[PDB]
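Some notes on the structure that comes next.
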Amino acid sequence: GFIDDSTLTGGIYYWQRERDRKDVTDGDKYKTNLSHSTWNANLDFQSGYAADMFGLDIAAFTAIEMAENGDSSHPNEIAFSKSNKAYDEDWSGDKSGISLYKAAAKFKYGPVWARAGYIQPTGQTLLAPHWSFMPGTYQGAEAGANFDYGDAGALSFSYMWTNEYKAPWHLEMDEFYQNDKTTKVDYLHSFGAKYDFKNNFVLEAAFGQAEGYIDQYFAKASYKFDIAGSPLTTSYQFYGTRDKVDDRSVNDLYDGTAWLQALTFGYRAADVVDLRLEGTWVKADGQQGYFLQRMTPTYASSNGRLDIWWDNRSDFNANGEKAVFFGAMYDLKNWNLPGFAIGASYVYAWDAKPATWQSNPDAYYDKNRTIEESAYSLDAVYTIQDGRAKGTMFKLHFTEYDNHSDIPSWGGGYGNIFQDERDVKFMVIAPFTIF
Ligand SMILES: CC(=O)N[C@@H]1[C@@H](O)[C@H](O[C@@H]2O[C@H](CO)[C@@H](O[C@@H]3O[C@H](CO)[C@@H](O[C@@H]4O[C@H](CO)[C@@H](O[C@@H]5O[C@H](CO)[C@@H](O)[C@H](O)[C@H]5NC(C)=O)[C@H](O)[C@H]4NC(C)=O)[C@H](O)[C@H]3NC(C)=O)[C@H](O)[C@H]2NC(C)=O)[C@@H](CO)O[C@H]1O
Ligand SMILES: [Mg+2]
Ligand SMILES: [Mg+2]
C-alpha cells in the first residue's frame with residue numbers, strides 16, 4: 001500500500017579533516033591541503049506502491065560548514081562547492097546549502113521495474129553516483145527486470161539513460177561534455193546484467209556509452225567457498241574504456257582500449273579479523289595517462305561503477321601501474337569491546353607510467369619513465385550498541401601516502417598522481433527513522 005509501506009528516514013553527519021601535501025617546488029613543505037569541519041543532514045521519503053505498481057521517492061540533504069582554514073583547497077566534497085555546476089568549477093571555495101537528491105516516480109509490473117526523475121543508478125548497469133555521505137543524482141530513467149529460475153539461478157538486467165548529473169557537492173545539475181568542456185555529450189546510457197547461479201558463483205557485465213565519445217565496459221566474476229567453516233570470497237574484475245576521438249586533439253584521451261583489471265580475496269579469520277588481499281593492473285596508453293571508470297573525463301561530471309576502493313588516497317590507476325593492497329580489520333568483541341574495531345592497511349604499487357604523449361610537456365615529462373607509490377592507513381571504528389543512539393557510528397582514519405618520485409603534484413605526464421600526503425578524517429554518522 002502506497003501509504004502504509006511508506007518510510008521516512010535520515011541522518012546527521014559530522015566530518016572533520018586535516019590533510020597536508022608536499023610541495024616539492026617550495027622545499028617540500030607539507031602545506032595545508034584540506035582543513036574543515038562540516039555537518040550534513042538528510043531526510044529521505046520512500047513511499048509504498050499503490051496497487052503494487054506506483055510509488056514516489058523524495059529526499060534532500062543539507063551541508064553546513066563549521067570550520068575551514070584559509071589555506072584549505074576546494075571543493076572539499078562534503079560541503080557544496082561554491083560553483084553550483086561541475087563545468088563551472090573554479091576551485092575557489094565551499095559553501096552551505098540544501099540539495100534535492102532524489103525525486104522520482106517508481107513503477108512495478110510483474111518482473112519489470114522502473115524509476116524516473118532525479119535518481120541514483122540502482123540496477124545492473126555501470127553508471128554510478130559519487131558518494132560523499134550522500135550520493136550524486138542523475139536526471140533520467142532506469143528500467144530493468146528480474147527473472148528467478150529457482151535452483152537454476154536468477155537473471156537481472158537493467159538499462160539507464162541520463163542527460164544531466166550533479167555530484168553531492170554540486171547544488172545544480174550540469175550536462176555532459178568531452179574533455180574540452182564545450183563539445184556536448186548528449187546523454188550517457190548503460191545496459192548491464194547479473195546472473196546468480198545460486199552456488200555462490202555470480203557473473204556480472206555491463207556496457208555503457210557517452211554519446212559520440214566513449215564506450216565503457218565492465219565484467220566481474222565472483223565465487224565464495226568455505227575454508228575452515230568461513231567463506232573465502234574471490235573475484236576477478238575487468239573495467240574497460242575506449243574513446244571515439246583519436247585525432248590528437250584535446251578530446252583524445254586513450255589510444256586503443258584502456259582498462260583496469262583486478263583480483264580480490266577476502267577472508268574472516270578466527271571469526272574476528274576481516275582480511276583483504278587485492279591487486280590491480282592498469283593499461284592506459286594515450287594522452288590522459290590513467291584509467292577512468294566514468295564515461296566523462298571532467299572531475300565531478302559523472303561517475304561509473306568501480307568495486308575496488310582501498311581508502312589510501314591515491315587511485316593507483318596510472319598507465320601500466322600494478323598495485324597490491326593488504327587490509328586487516330580487527331573486531332575487539334573478545335576484549336569485551338563489542339562495536340569497537342581497529343584496522344590497518346598498506347598499498348605498494350609499481351610500474352606507473354605517464355601519458356604516452358603530451359601537447360605541452362613539462363620539465364619532468366619522460367615518456368619511458370616508470371615510478372612507484374605506496375601508502376598505509378590506520379582505522380578505528382566504534383558503533384553504539386544499545387540505547388537512544390543505537391547504530392550511531394564514530395570513525396577515525398589516518399593515511400600516510402608516499403609518491404616515490406619528486407615530480408610535483410599533477411605534473412610530469414602523471415595527471416592523476418599527487419605528492420606525499422598525510423590525511424586524517426574523523427566522522428560521526430547518526431541515522432534515525434521517523435517512520
Ligand atoms: C561519507 C563517506 O564515507 N564517503 C566515502 C567516500 O569518501 C568515498 O569516495 C571517495 O571520496 C574521495 C573524496 O574524499 C575521493 O577523492 C577524490 O578523488 C578524485 C579522484 O578519484 C580526486 O580527483 C582530483 O581532484 C583534483 C582537485 O581536487 C583535480 O585537480 C584539478 O585538475 C584539473 C585538471 O586540469 C585542473 O585544471 C585543476 O587546476 C586541478 N585543481 C586545482 C588546481 O585545485 C583532479 O583532476 C582530480 N582527478 C580526477 C581523476 O578527477 C580528488 O582530488 C579527491 N578529492 C578529495 C578527497 O577531496 C575518492 O575518489 C572517492 N572514491 C572513489 C573514487 O572510489 C566512497 C567510495 O566508494 O566511499 C564513501 O563511503
Ligand atoms: Mg569525478
Ligand atoms: Mg615522497
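So you can find residues: chains in the C-alpha cells are A, B, ... in the order shown, residues in each start at 1, and ligands are numbered from 1 in order.
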
request  = Collect all residues with atoms no farther than 10 Å from ligand 2, counting only C-alpha atoms and all ligand atoms, and output them as a ChimeraX atom specification.
outcome  = /A:86,129-130,167,292-294,296-304

Atoms to include: N, CA and C atoms. Write the selected residues as a PDB file, in the first residue's frame.
```pdb
ATOM      1  N   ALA A  86      29.216  21.583 -12.200  1.00  0.00           N
ATOM      2  CA  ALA A  86      30.527  20.961 -12.330  1.00  0.00           C
ATOM      3  C   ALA A  86      31.416  21.637 -13.384  1.00  0.00           C
ATOM      4  N   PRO A 129      26.666   6.906  -9.056  1.00  0.00           N
ATOM      5  CA  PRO A 129      26.896   8.240  -8.489  1.00  0.00           C
ATOM      6  C   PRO A 129      28.232   8.279  -7.759  1.00  0.00           C
ATOM      7  N   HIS A 130      28.719   9.504  -7.522  1.00  0.00           N
ATOM      8  CA  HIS A 130      29.698   9.699  -6.464  1.00  0.00           C
ATOM      9  C   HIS A 130      29.006   9.594  -5.107  1.00  0.00           C
ATOM     10  N   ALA A 167      27.037  15.895  -8.746  1.00  0.00           N
ATOM     11  CA  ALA A 167      27.708  15.283  -7.637  1.00  0.00           C
ATOM     12  C   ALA A 167      27.137  15.828  -6.331  1.00  0.00           C
ATOM     13  N   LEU A 292      39.957   5.752 -16.173  1.00  0.00           N
ATOM     14  CA  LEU A 292      38.787   6.293 -15.507  1.00  0.00           C
ATOM     15  C   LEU A 292      37.630   5.328 -15.674  1.00  0.00           C
ATOM     16  N   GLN A 293      36.953   5.031 -14.563  1.00  0.00           N
ATOM     17  CA  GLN A 293      35.761   4.218 -14.606  1.00  0.00           C
ATOM     18  C   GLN A 293      34.521   4.985 -15.025  1.00  0.00           C
ATOM     19  N   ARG A 294      34.588   6.303 -15.105  1.00  0.00           N
ATOM     20  CA  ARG A 294      33.488   7.138 -15.572  1.00  0.00           C
ATOM     21  C   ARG A 294      33.640   7.474 -17.060  1.00  0.00           C
ATOM     22  N   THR A 296      32.715  10.372 -18.617  1.00  0.00           N
ATOM     23  CA  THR A 296      33.021  11.750 -18.933  1.00  0.00           C
ATOM     24  C   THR A 296      34.282  12.125 -18.168  1.00  0.00           C
ATOM     25  N   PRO A 297      35.270  12.766 -18.804  1.00  0.00           N
ATOM     26  CA  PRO A 297      36.581  12.862 -18.162  1.00  0.00           C
ATOM     27  C   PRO A 297      36.656  13.935 -17.115  1.00  0.00           C
ATOM     28  N   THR A 298      35.771  14.925 -17.154  1.00  0.00           N
ATOM     29  CA  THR A 298      35.931  16.078 -16.270  1.00  0.00           C
ATOM     30  C   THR A 298      35.596  15.709 -14.829  1.00  0.00           C
ATOM     31  N   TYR A 299      36.445  16.148 -13.908  1.00  0.00           N
ATOM     32  CA  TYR A 299      36.199  15.964 -12.489  1.00  0.00           C
ATOM     33  C   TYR A 299      34.771  16.341 -12.121  1.00  0.00           C
ATOM     34  N   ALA A 300      34.099  15.436 -11.432  1.00  0.00           N
ATOM     35  CA  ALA A 300      32.759  15.591 -10.907  1.00  0.00           C
ATOM     36  C   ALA A 300      31.634  15.484 -11.923  1.00  0.00           C
ATOM     37  N   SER A 301      31.928  15.161 -13.188  1.00  0.00           N
ATOM     38  CA  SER A 301      30.923  15.323 -14.232  1.00  0.00           C
ATOM     39  C   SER A 301      29.993  14.134 -14.338  1.00  0.00           C
ATOM     40  N   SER A 302      30.448  12.964 -13.918  1.00  0.00           N
ATOM     41  CA  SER A 302      29.637  11.756 -13.822  1.00  0.00           C
ATOM     42  C   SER A 302      30.465  10.754 -13.029  1.00  0.00           C
ATOM     43  N   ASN A 303      29.920   9.561 -12.823  1.00  0.00           N
ATOM     44  CA  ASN A 303      30.715   8.504 -12.219  1.00  0.00           C
ATOM     45  C   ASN A 303      30.319   7.168 -12.821  1.00  0.00           C
ATOM     46  N   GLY A 304      31.144   6.163 -12.540  1.00  0.00           N
ATOM     47  CA  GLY A 304      30.900   4.827 -13.038  1.00  0.00           C
ATOM     48  C   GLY A 304      31.272   3.810 -11.983  1.00  0.00           C
TER      49      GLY A 304
END
```

Write out as a PDB file with C-alpha atoms, in the first residue's frame each polymer residue (protein, DNA or RNA) that has an atom no more than 7 Å from ligand 3, with only C-alpha atoms and all ligand atoms counted.
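Result went into selection31.pdb, see below:
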```pdb
ATOM      1  CA  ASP A 402      54.219   8.391  -0.413  1.00  0.00           C
ATOM      2  CA  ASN A 403      54.950   9.306  -4.035  1.00  0.00           C
ATOM      3  CA  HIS A 404      58.268   7.593  -4.816  1.00  0.00           C
ATOM      4  CA  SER A 405      59.197  10.477  -7.169  1.00  0.00           C
ATOM      5  CA  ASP A 406      59.850  14.171  -6.726  1.00  0.00           C
ATOM      6  CA  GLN A 419      52.680  14.249  -3.916  1.00  0.00           C
ATOM      7  CA  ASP A 420      53.244  12.756  -0.447  1.00  0.00           C
TER       8      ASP A 420
END
```

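Residues in contact with residue 424 in chain A at 6 Å, where only C-alpha atoms are counted and same-chain residues fewer than 6 positions away are skipped, are listed as residues 17, 18, 397 and 398 of chain A.
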
May I have the residues from that selection written out with C-alpha atoms, as a JSON list (two decimals), in the first residue's frame?
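Contents of again_14.json, as written:
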```json
[["chain", "number", "residue", "atom", "x", "y", "z"],
["A", 17, "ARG", "CA", 39.53, 16.54, 8.11],
["A", 18, "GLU", "CA", 43.13, 17.71, 8.08],
["A", 397, "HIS", "CA", 41.03, 7.25, 9.57],
["A", 398, "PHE", "CA", 44.68, 8.11, 9.10]]
```

key: Which of A:47, A:84, A:122, A:38 sits closest to residue 66 in chain A [using only C-alpha atoms]   = A:38

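Take the candidates A:189, A:106, A:390, A:170 and check each one against residue 94 in chain A using only C-alpha atoms; the shortest distance goes to A:170.
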
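Considering only C-alpha atoms and all ligand atoms, every residue of the polymer chains approaching ligand 1 to 6 Å or closer is listed here: residues 76, 77, 91, 131, 132, 133, 299, 309, 315 and 416 of chain A.
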
Hey, can you spit out that residue selection with N, CA and C atoms as a CSV table (one decimal), in the first residue's frame?
```csv
chain,number,residue,atom,x,y,z
A,76,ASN,N,35.8,20.6,-1.0
A,76,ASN,CA,36.2,19.6,0.0
A,76,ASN,C,35.3,18.3,-0.2
A,77,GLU,N,34.2,18.5,-0.9
A,77,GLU,CA,33.3,17.4,-1.4
A,77,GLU,C,32.3,17.0,-0.3
A,91,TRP,N,37.5,26.1,-8.2
A,91,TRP,CA,38.3,25.7,-7.1
A,91,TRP,C,38.5,26.8,-6.1
A,131,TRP,N,29.8,9.2,-4.1
A,131,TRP,CA,29.3,9.2,-2.7
A,131,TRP,C,30.2,10.0,-1.9
A,132,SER,N,29.6,11.0,-1.2
A,132,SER,CA,30.2,11.6,0.0
A,132,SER,C,29.5,10.9,1.2
A,133,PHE,N,28.8,11.7,2.0
A,133,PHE,CA,27.8,11.0,2.9
A,133,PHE,C,26.6,10.6,2.0
A,299,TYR,N,36.4,16.1,-13.9
A,299,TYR,CA,36.2,16.0,-12.5
A,299,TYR,C,34.8,16.3,-12.1
A,309,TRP,N,38.1,-0.2,-3.8
A,309,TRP,CA,38.3,1.1,-3.1
A,309,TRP,C,39.1,0.7,-1.8
A,315,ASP,N,44.5,6.7,-6.3
A,315,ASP,CA,43.7,5.8,-7.1
A,315,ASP,C,44.5,4.7,-7.7
A,416,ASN,N,47.0,12.3,-12.7
A,416,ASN,CA,46.2,12.0,-11.5
A,416,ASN,C,47.0,11.5,-10.3
```

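Across A:414, A:14, A:218, A:254, the tightest approach to residue 366 in chain A is made by A:414 when counting only C-alpha atoms.
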
message = Residues near residue 64 in chain A, anyone? I mean within 10 Å using only C-alpha atoms, not counting same-chain ones fewer than 6 positions away, as an MDAnalysis selection string.
response = chainID A and resid 14 37:41 78:80 95:98

Create the file for the chosen residues now, containing N, CA, C and O atoms and written as a PDB file, in the first residue's frame.
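For reference, out_9.pdb as written:
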```pdb
ATOM      1  N   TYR A  14      28.799  14.271  10.694  1.00  0.00           N
ATOM      2  CA  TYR A  14      29.837  15.204  11.057  1.00  0.00           C
ATOM      3  C   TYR A  14      31.118  14.677  10.464  1.00  0.00           C
ATOM      4  O   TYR A  14      31.387  13.474  10.510  1.00  0.00           O
ATOM      5  N   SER A  37      35.627  21.421   9.046  1.00  0.00           N
ATOM      6  CA  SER A  37      34.654  20.675   9.819  1.00  0.00           C
ATOM      7  C   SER A  37      33.321  21.001   9.184  1.00  0.00           C
ATOM      8  O   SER A  37      33.019  22.177   8.972  1.00  0.00           O
ATOM      9  N   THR A  38      32.527  19.979   8.900  1.00  0.00           N
ATOM     10  CA  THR A  38      31.276  20.128   8.166  1.00  0.00           C
ATOM     11  C   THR A  38      30.241  19.148   8.645  1.00  0.00           C
ATOM     12  O   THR A  38      30.554  17.994   8.908  1.00  0.00           O
ATOM     13  N   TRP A  39      29.015  19.640   8.749  1.00  0.00           N
ATOM     14  CA  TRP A  39      27.844  18.846   9.035  1.00  0.00           C
ATOM     15  C   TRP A  39      27.052  18.576   7.765  1.00  0.00           C
ATOM     16  O   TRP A  39      27.000  19.400   6.844  1.00  0.00           O
ATOM     17  N   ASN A  40      26.471  17.399   7.706  1.00  0.00           N
ATOM     18  CA  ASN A  40      25.425  17.085   6.760  1.00  0.00           C
ATOM     19  C   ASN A  40      24.214  16.606   7.555  1.00  0.00           C
ATOM     20  O   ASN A  40      24.361  16.061   8.658  1.00  0.00           O
ATOM     21  N   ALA A  41      23.027  16.762   6.974  1.00  0.00           N
ATOM     22  CA  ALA A  41      21.828  16.093   7.478  1.00  0.00           C
ATOM     23  C   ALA A  41      20.960  15.760   6.282  1.00  0.00           C
ATOM     24  O   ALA A  41      20.889  16.540   5.341  1.00  0.00           O
ATOM     25  N   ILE A  78      32.426  17.546   0.939  1.00  0.00           N
ATOM     26  CA  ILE A  78      31.428  17.368   1.977  1.00  0.00           C
ATOM     27  C   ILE A  78      30.493  18.562   2.052  1.00  0.00           C
ATOM     28  O   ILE A  78      29.274  18.396   2.142  1.00  0.00           O
ATOM     29  N   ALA A  79      31.047  19.782   1.998  1.00  0.00           N
ATOM     30  CA  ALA A  79      30.218  20.952   1.783  1.00  0.00           C
ATOM     31  C   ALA A  79      29.887  21.004   0.289  1.00  0.00           C
ATOM     32  O   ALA A  79      30.325  20.167  -0.491  1.00  0.00           O
ATOM     33  N   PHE A  80      29.141  22.004  -0.120  1.00  0.00           N
ATOM     34  CA  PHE A  80      28.935  22.225  -1.542  1.00  0.00           C
ATOM     35  C   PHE A  80      30.062  23.082  -2.100  1.00  0.00           C
ATOM     36  O   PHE A  80      30.589  23.975  -1.430  1.00  0.00           O
ATOM     37  N   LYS A  95      30.638  26.075   0.307  1.00  0.00           N
ATOM     38  CA  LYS A  95      29.512  26.771   0.911  1.00  0.00           C
ATOM     39  C   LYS A  95      28.482  25.777   1.431  1.00  0.00           C
ATOM     40  O   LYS A  95      28.493  24.600   1.078  1.00  0.00           O
ATOM     41  N   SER A  96      27.614  26.274   2.317  1.00  0.00           N
ATOM     42  CA  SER A  96      26.490  25.525   2.868  1.00  0.00           C
ATOM     43  C   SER A  96      25.342  25.557   1.869  1.00  0.00           C
ATOM     44  O   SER A  96      25.317  26.373   0.952  1.00  0.00           O
ATOM     45  N   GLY A  97      24.392  24.648   2.038  1.00  0.00           N
ATOM     46  CA  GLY A  97      23.210  24.674   1.198  1.00  0.00           C
ATOM     47  C   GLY A  97      22.316  23.474   1.435  1.00  0.00           C
ATOM     48  O   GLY A  97      22.506  22.707   2.387  1.00  0.00           O
ATOM     49  N   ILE A  98      21.299  23.375   0.565  1.00  0.00           N
ATOM     50  CA  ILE A  98      20.299  22.321   0.581  1.00  0.00           C
ATOM     51  C   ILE A  98      20.138  21.812  -0.844  1.00  0.00           C
ATOM     52  O   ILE A  98      19.926  22.609  -1.769  1.00  0.00           O
TER      53      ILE A  98
END
```

Within 10 Å of range 136-140 of chain A using only C-alpha atoms, minus same-chain residues under 5 positions, as a ChimeraX atom specification = /A:99-104,115-121,127-131,160-170,172-175,187-189,300,302-303

message = Considering only strand (DSSP E) as DSSP defines it on the backbone, what residues of range 22-245 of chain A qualify? List them as a PyMOL selection string.
response = chain A and resi 22-23+29-46+54-68+80-81+94-95+97-109+112-119+137-148+154-166+176-177+184-185+188-196+201-210+214-227+230-243

key: Those in range 21-191 of chain A with helix (DSSP H, G or I) from DSSP, as a ChimeraX atom specification   = /A:86-88,150-152

Could you list, as a CSV table (one decimal) with N, CA and C atoms, in the first residue's frame, every residue within 8 Å of residue 353 in chain A, counting only C-alpha atoms and ignoring same-chain residues fewer than 3 positions away?
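around-v5.csv, written as the output of this step:
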```csv
chain,number,residue,atom,x,y,z
A,289,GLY,N,46.7,9.2,-19.8
A,289,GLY,CA,47.7,8.6,-18.9
A,289,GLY,C,47.2,7.8,-17.7
A,318,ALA,N,47.4,4.8,-12.8
A,318,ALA,CA,48.3,5.3,-13.9
A,318,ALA,C,48.5,4.1,-14.9
A,319,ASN,N,48.7,4.5,-16.1
A,319,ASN,CA,49.1,3.6,-17.2
A,319,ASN,C,50.2,2.7,-16.7
A,320,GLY,N,50.0,1.4,-17.0
A,320,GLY,CA,50.9,0.4,-16.6
A,320,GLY,C,50.9,0.0,-15.1
A,321,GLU,N,50.4,0.8,-14.3
A,321,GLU,CA,50.6,0.6,-12.8
A,321,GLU,C,50.0,-0.7,-12.4
A,367,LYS,N,58.4,10.1,-21.5
A,367,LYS,CA,57.5,9.1,-21.9
A,367,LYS,C,57.9,7.7,-21.4
A,368,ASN,N,59.1,7.4,-21.2
A,368,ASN,CA,59.5,6.0,-20.8
A,368,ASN,C,59.9,5.9,-19.3
A,369,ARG,N,59.6,6.9,-18.5
A,369,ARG,CA,59.8,6.7,-17.1
A,369,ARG,C,58.8,5.8,-16.5
A,370,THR,N,59.1,5.2,-15.3
A,370,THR,CA,58.2,4.5,-14.5
A,370,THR,C,58.4,4.9,-13.1
A,371,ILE,N,57.4,4.9,-12.3
A,371,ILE,CA,57.5,5.3,-10.9
A,371,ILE,C,56.7,4.3,-10.0
A,414,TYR,N,51.9,12.6,-15.4
A,414,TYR,CA,51.1,11.8,-14.4
A,414,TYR,C,49.9,12.7,-13.9
```
